[PDB]
Amino acid sequence: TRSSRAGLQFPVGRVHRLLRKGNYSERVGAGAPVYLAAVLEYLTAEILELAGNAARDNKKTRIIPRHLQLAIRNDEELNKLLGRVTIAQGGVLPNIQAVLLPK
Amino acid sequence: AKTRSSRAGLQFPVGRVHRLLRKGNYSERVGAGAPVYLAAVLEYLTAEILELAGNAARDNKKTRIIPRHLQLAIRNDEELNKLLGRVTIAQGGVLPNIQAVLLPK
Amino acid sequence: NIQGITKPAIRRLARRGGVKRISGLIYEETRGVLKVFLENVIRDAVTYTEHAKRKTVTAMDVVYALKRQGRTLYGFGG
Amino acid sequence: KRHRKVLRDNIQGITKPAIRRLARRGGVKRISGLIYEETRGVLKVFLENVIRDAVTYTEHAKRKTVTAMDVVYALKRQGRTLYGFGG
Amino acid sequence: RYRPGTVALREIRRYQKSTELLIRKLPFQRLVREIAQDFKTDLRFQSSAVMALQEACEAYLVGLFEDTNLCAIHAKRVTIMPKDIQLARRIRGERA
Amino acid sequence: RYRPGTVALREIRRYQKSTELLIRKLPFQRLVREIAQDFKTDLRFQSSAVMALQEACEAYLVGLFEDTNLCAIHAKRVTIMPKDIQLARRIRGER
Amino acid sequence: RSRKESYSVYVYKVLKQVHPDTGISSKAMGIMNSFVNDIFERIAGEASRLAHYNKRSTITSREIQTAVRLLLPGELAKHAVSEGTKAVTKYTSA
Amino acid sequence: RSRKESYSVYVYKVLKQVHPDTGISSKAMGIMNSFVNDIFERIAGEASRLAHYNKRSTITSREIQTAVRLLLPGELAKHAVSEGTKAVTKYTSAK
DNA sequence: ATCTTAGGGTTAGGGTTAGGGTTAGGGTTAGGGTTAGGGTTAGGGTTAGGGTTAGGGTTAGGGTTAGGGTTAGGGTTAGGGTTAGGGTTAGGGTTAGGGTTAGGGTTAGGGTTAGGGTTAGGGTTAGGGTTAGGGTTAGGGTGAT
DNA sequence: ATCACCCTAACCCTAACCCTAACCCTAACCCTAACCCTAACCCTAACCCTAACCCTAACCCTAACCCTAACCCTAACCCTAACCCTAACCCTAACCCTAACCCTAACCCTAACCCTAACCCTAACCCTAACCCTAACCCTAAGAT
Ligand SMILES: [Mn+2]
Ligand SMILES: [Mn+2]
Ligand SMILES: [Mn+2]
Ligand SMILES: [Mn+2]
């Protein structure tokens with residue numbers, strides 16, 4: 001498989017097919033699906049990492065959408081990247097304004 | 001009528017639009033009436049803009065429409081403003097508006 | 001049915017947003033703003049359904065409409 | 001043929017009267033004194049974000065000259081679509 | 001008997017630290033079908049499509065409440081008013 | 001001697017009713033080359049590319065002033081303050 | 001040298017129809033050219049997606065029309081969908 | 001019925017590498033699938049434009065490269081450009 | 001409330017820059033021949049929707065109490081408006097020069113074209129861990145002596 | 001603070017249901033293959049951007065008086081918060097009906113591709129009219145008498 005040739009879990013062959021099928025350009029380079037599957041695999045791992053940590057904190061083993069939201073909004077970069085995105089069943093980060101605290 | 005634009009009653013280039021649709025990587029194939037429909041939608045919108053702009057140019061005693069007239073036409077129409085809401089017309093300036101509380105008592 | 005979105009249901013959504021005090025006029029203004037949002041999303045969702053020559057508005061049509069509105073939704077098979 | 005002069009502190013070139021004029025177009029009557037620095041901060045951020053992408057386009061095109069198109073493509077990426085300079 | 005603005009602070013934590021929906025599924029489904037009928041009649045809705053719409057709405061409104069609250073606090077207040085929702089949606093590019 | 005307000009209100013009309021740029025072309029061109037230098041050195045700028053950047057900047061800042069002014073008026077004021085520019089940027093999704 | 005494409009010939013033609021005495025700045029023509037190009041790719045790209053969503057390999061006037069209904073505001077879309085269906089209808093006849 | 005494609009096989013594999021003593025909800029897997037699809041399109045579409053702007057008819061890893069630099073935030077882009085150039089380098093070695 | 005005074009709005013024709021009319025020319029759209037694959041009919045499987053029954057009990061809703069936030073109004077500094085003048089560099093049209101983009105010529109390898117081969121992953125089934133749900137508990141502040 | 005008051009998190013109980021481990025076969029990816037052209041290389045042109053000279057009066061900056069918007073306390077008012085208990089209605093739990101979606105089978109016709117073709121339209125050139133600029137021109141309304 002091309003994924004094993006590149007040291008990847010993400011499907012290099014599938015990404016290459018989606019690039020020509022999706023009407024992005026006339027031709028698709030040999031290393032473009034390899035580079036892309038790796039960038040997608042990196043980002044999924046970067047998310048899964050912080051999400052498993054949030055699941056660990058909440059005494060759970062299985063990451064639910066709340067853990068994904070907590071991981072995203074607690075990062076600065078993942079939040080900026082997914083700034084105009086809504087995680088269904090994610091809820092909000094717990095934050096109460098300082099002026100709305102007891103006197 | 002030998003050009004496709006003349007066959008459709010258009011000024012906008014039906015042949016050019018058909019070429020840009022293929023040459024722009026939007027889909028595998030381009031229907032026969034898609035460039036015709038599109039050139040007409042673009043021609044309609046340009047006429048709708050040009051109309052309100054010529055009016056703003058005539059209000060300003062000018063013969064020629066400058067980018068100020070285009071901006072004045074866009075922001076004074078409700079739909080053109082919504083359509084070009086996150087667009088900047090270079091050399092367009094702003095609509096003259098002063099909030100009521102900033103006015104002399 | 002816009003009144004089905006009750007005053008206590010609106011108050012719960014204000015609490016999640018970190019709202020301490022909620023004016024009485026708010027409960028009506030929220031109903032207005034929610035109706036506008038729903039109209040704009042469903043209108044596009046239906047335009048997708050109608051283009052697909054279907055009578056049933058699918059989860060995908062609601063997803064495509066949300067993305068068009070710039071309120072991209074994750075988790076609905078998009 | 002031999003040297004480029006050092007570019008330094010040009011955010012102060014965006015003077016207090018130049019900032020005043022931009023406030024007038026926005027319909028601003030009174031302008032705080034702290035504003036002139038806050039505006040300089042915000043303008044610097046805007047310019048960094050636009051030029052950064054403009055240069056990423058220039059560098060991709062294997063060019064040393066940042067074209068009007070690169071600045072246009074960068075503005076469109078930022079959602080501040082500019083009319084008039086091509087495209 | 002709790003002081004004015006103390007059950008409110010307990011509720012905020014109760015809901016922020018939760019993810020369940022805050023509008024009942026049936027009144028919402030009625031509103032969705034009412035609105036859709038006003039665009040096209042003889043319409044069916046996938047169970048999922050309705051939930052996709054509900055999630056979208058609440059997430060929007062909560063985010064709107066966040067900005068609204070920031071506007072109330074900006075004008076030395078603690079209570080959200082229509083003038084705040086309007087300023088939030090105006091600067092958000094929803095209203096002129 | 002005009003009262004405090006009379007020249008400000010005259011200036012607003014003078015500029016709103018106009019389209020010319022409000023930052024001088026040379027100080028702005030230095031700022032652009034300084035900033036760009038700090039991303040990549042040995043950079044040339046098309047005359048037009050700089051004007052495209054200047055137009056973009058002023059249009060942005062004027063629009064930012066509009067929202068900022070609406071924030072000062074919201075908190076019963078007439079003068080724009082950093083807390084207003086910050087709230088206008090917070091709500092705009094710039095943070 | 002290289003040749004530079006433009007919609008100036010048609011923006012001029014359409015201007016004369018609407019305001020036969022009114023003229024146009026070189027900068028204003030640039031703004032009009034940017035407008036035509038922006039709206040071209042807004043509609044084309046939306047039609048490209050509609051075809052993709054419905055597993056269709058072609059962009060037909062049916063995709064252009066629903067893209068117009070999605071992108072333009074209420075009364076502008078109505079008149080554009082009208083002006084468009086008319087040009088297509090006329091094209092099919094001749 | 002029809003075939004439903006998914007990145008679940010790979011989201012599972014990658015989860016097992018970072019947290020082997022951690023699992024994933026059916027809803028959370030849908031959120032992860034939506035994330036992969038969104039970012040796929042974001043990068044692919046940006047590369048499609050770069051290819052076009054430079055009158056080229058091919059999306060190569062150089063187009064993916066600059067799309068990542070444009071779309072991903074500061075450090076995330078640094079690490080993605082790294083892991084990407086890494087995987088390409090490794091792929092070229094092994095035929 | 002009258003009266004001077006400095007503002008833009010205006011007119012003038014000076015007078016320059018620019019747009020639009022104009023030429024010829026270079027490339028693109030159109031023509032009409034062949035081509036095949038998307039799409040469009042057809043029937044007809046079947047999934048998934050809405051319909052309409054039911055039993056509480058969760059939740060919505062009116063109307064009790066005072067709490068303290070919003071608001072008003074007046075008084076307090078002091079902050080940013082406005083004036084002037086002397087610099088102070090921005091802006092004007094210069095001038096040359098070569099780093100830089102790039103026509104346009106040539107070749108090659110990258111990529112698509114085909115298919116038939118294995119092999120990965122969709123679609124299902126199912127047993128069993130993780131979450132769920134209900135209770136009593138320690139834990140930690142809430143409101144008031 | 002010091003006192004009772006609530007409540008929500010903390011543990012440990014046992015149960016519902018969905019992860020995720022499982023199998024099987026489908027369809028997708030992969031290694032045979034010729035085959036065409038896009039991109040790479042190399043050139044030079046040729047613009048165009050950079051920096052170089054020149055003068056200047058536009059425009060900035062710096063401090064001066066003080067006009068007045070900002071923000072303080074306080075006091076009046078009622079807006080909405082908390083608390084309650086009657087009661088509507090949302091919620092699973094459950095069933096069938098069959099309209100709507102879509103499988104995939106035949107077959108037509110649309111959109112592709114091709115070269116020569118003429119016709120638009122790009123560009124390079126040229127004059128004259130729009131508009132730009134600075135001369136006074138009265139009108140107007142700012143803001144002290
Ligand atoms: Mn530097
Ligand atoms: Mn001061
Ligand atoms: Mn040279
Ligand atoms: Mn044909």
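Note that these values count all heavy atoms, side chains included, but never hydrogens, waters or copies made by symmetry. All chains are named by letter (A, B, ...) in the order of the sequence lines, taking the proteins before the strands, and each is independently numbered beginning at 1.
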Is chain A contacted by the side chain of [X], its backbone, both, or neither, given a heavy-atom distance below 4.5 Å?
| X | answer |
| --- | --- |
| H:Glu63 | neither |
| H:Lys86 | neither |
| H:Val9 | neither |
| H:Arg42 | side chain |
| H:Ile24 | both |
| H:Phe35 | side chain |
| H:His79 | both |

Is [Y] close to [X] at the side-chain level, that is, under 4.5 Å between some pair of heavy atoms?
| X | Y | answer |
| --- | --- | --- |
| A:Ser25 | H:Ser57 | no |
| A:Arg27 | H:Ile59 | no |
| A:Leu81 | H:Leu72 | yes |
| H:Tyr7 | A:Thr44 | no |
| A:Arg56 | H:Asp21 | yes |

Worksheet item: Rounded to the nearest 0.5 Å, how far apart are CE of H:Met32 and CG of A:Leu43?
Response: 9.0 Å

Practice prompt. Look up atom CD1 in A:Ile47 and atom CD1 in H:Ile39, then write down how far apart they are to the nearest 0.5 Å.
Written response: 7.5 Å

Fill in: Largest heavy-atom contact set with chain A, pairs under 4.5 Å, which of H:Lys13, H:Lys27, H:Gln65, H:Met29
H:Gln65

Discussion item. Between H:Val88, H:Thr85, H:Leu76, who has the most heavy-atom pairs with chain A when the cutoff is under 4.5 Å?
Written reply: H:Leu76

Discussion item. For chain H, which candidate among A:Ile87, A:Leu48, A:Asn23 shows the most heavy-atom pairs at distances under 4.5 Å?
Written reply: A:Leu48

Discussion item. Tell me if the CD atom of A:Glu76 is crowded by more than 12 foreign heavy atoms within 6.0 Å.
Written reply: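 Counting neighbours around CD of A:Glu76, 12 or fewer heavy atoms of other residues, nucleotides or ligands fall under 6.0 Å, so no.
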
Worksheet item: Is the backbone N or O of A:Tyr24 less than 3.5 Å from a side-chain atom of H:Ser48, with the two atoms forming a donor-acceptor pair by type?
Response: yes

Worksheet item: Under 3.5 Å, is there a donor-acceptor pair linking the side chains of H:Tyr10 and A:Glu41?
Response: no

Worksheet item: Considering only heavy atoms, which portion of A:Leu40 lies under 4.5 Å from any heavy atom of chain H: side chain, backbone, both, or neither?
Response: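 Contact with chain H involves the side chain of A:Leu40 alone.
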
